[PDB]
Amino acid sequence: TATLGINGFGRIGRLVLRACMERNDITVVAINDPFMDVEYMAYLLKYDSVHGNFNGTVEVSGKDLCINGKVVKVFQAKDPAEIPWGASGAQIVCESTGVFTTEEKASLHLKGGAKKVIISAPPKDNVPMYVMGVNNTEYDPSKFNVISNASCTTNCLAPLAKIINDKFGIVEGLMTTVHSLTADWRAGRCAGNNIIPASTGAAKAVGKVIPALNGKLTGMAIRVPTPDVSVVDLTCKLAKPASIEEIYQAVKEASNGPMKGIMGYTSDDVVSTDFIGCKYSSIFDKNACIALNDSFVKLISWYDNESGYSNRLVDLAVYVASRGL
């Protein structure tokens, strides 16, 4: 059974733990964050404005945490190499501080006894990025000790882009993602009452996760005042004509097939809040989609930027473990 260590007890780190506590194939054994006291960590785990109260009990034991009775070690080393991951028994480390997004820095965890490291964000260098259901099987334990689970936006676009490209072929595509606040001068403006244009490298990252799409996609983001749940607006030109119904069918096939639990779909009159807590990486909104003609369409896909991503990072760890440490 895989054991996890979390560095950076932020939104992501906290959600990863919550996702583990609900699973029987992965256990969180230790957490590290030099900027959080044990009591504060407990408080932050027990209450959340988006995901509700923690499903279980959280208490402080000495210097550590006792979650649902299980003990979770709590460290505060500003240097990855000094985090007793090994003594803690943590085999895989979830690097979610957003400060060690390079093999160089992230690999320091191995010096702490860790066998593998997953950066919860795209890397600054060439660390391989993996998107569950899209290219995770390309991972080779005998070649990589530090990998990346890309970003929340990339995890929404990649699976949809892959299904579409595989079936009809994407000649070119432009994406706009409408981001909730949990998903540059503009960025500093009041988030509560503004629609804010922003940058996202998701479209390009998809080009890396899916080589065939390199140079064929690019996009931007638009931040809106909602707390959680985002949407991908992908308008692309198809190499082979196709209707929304056929696109819908191809997505349904993948969703019920090779991408079970990763790609989802709906034909209901849903809105943002209906996906809070949804574990899917990408949910196709059939009725929201529109097409000018059989080769120029606009696809809409939902994603709980927090839940989907966090659960994918856990799926990735579990998968890594399954490949042998």
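Residue numbers here begin at 1 and follow the sequence given.
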*Continuity check for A183 and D184, given as deposited residues lacking coordinates between them*: 10 or more
_Higher-scoring stretch by recorded Cα B factor average, 92-100 or 151-159_ = 92-100
*Between 123-131 and 215-223, which has the larger average Cα B-factor in the PDB entry?*
123-131
*Residue with maximal Cα B-factor (values as given in the PDB entry) among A250, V74, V206, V229*: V74
*Return the residue from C278, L299, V38, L44 that has the highest Cα B-factor in the entry.*
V38
*Determine, from the deposited record, the chain-internal third of the Cα B-factor for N68: lowest, middle or highest.*
highest
*asked:* Please place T177 in the lowest, middle or highest third of its chain according to the CA B-factor in the PDB entry.
replied: lowest
*Within this chain's modelled residues, let me know which third the CA B factor of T27 belongs to: lowest, middle or highest.*
middle
*Which third of the chain holds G264 when residues are ordered by C-alpha B factor: lowest, middle or highest?*
lowest
*asked:* Among the modelled residues of this chain, does the Cα B factor of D79 put it in the lowest, middle or highest third?
replied: highest
